[PDB]
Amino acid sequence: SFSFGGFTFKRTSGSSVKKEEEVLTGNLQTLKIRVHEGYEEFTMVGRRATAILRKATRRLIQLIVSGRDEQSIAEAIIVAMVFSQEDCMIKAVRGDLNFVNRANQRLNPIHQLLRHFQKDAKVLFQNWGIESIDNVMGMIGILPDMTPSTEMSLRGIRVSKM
């Protein structure tokens, strides 16, 4: 239904209304983003990874991911975290004031966030948060360093891997 970061997104459930909101990045730039308000589920289909995303307003509730290799799974996770519009993803932006240009009639801020994190997702992964996980057979944790764990995971994130 739409393409974002190389994944085909389809909404499978729920609805949202869009409210324009100014947000402040970690490096103190202002982005004016269309915040989606409501409960939604999406599928994400890539060449090398597939995910199920459950989200609410600026909140990743669950992401289940399967993929070819560590790189392919990290790609899905980064796109999902930007799509979530979470405040910790907005605050993970650091470094050059790259969102200040204004040359184009309109420069999509969610695309700007994804392009930022495609350069380096270390700050994003390190600030997202980790949680203890239940023992669900075939579901493993993935740590900020993209290492598997049976005990902990990035908040809301599980890899489907036997």
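Residue indices: 1-based, along the sequence shown.
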| item | value |
| --- | --- |
| Between the two ranges 11 to 19 and 149 to 157, the one averaging a larger CA B factor in the entry | 11 to 19 |
| 104 to 112 versus 91 to 99 - which carries the larger mean C-alpha B factor in the record | 104 to 112 |
| Residue with highest C-alpha B-factor in the PDB entry, from 33, 124, 63, 45 | 33 |
| Cα B factor band for residue 139 (lowest, middle or highest third within the chain) | highest |
| Third of the chain, ranked by Cα B-factor, where residue 68 sits | highest |
| Chain third (lowest, middle, highest) by recorded CA B-factor, residue given as residue 56 | middle |
| Lowest, middle or highest third - CA B-factor, residue 133 | highest |
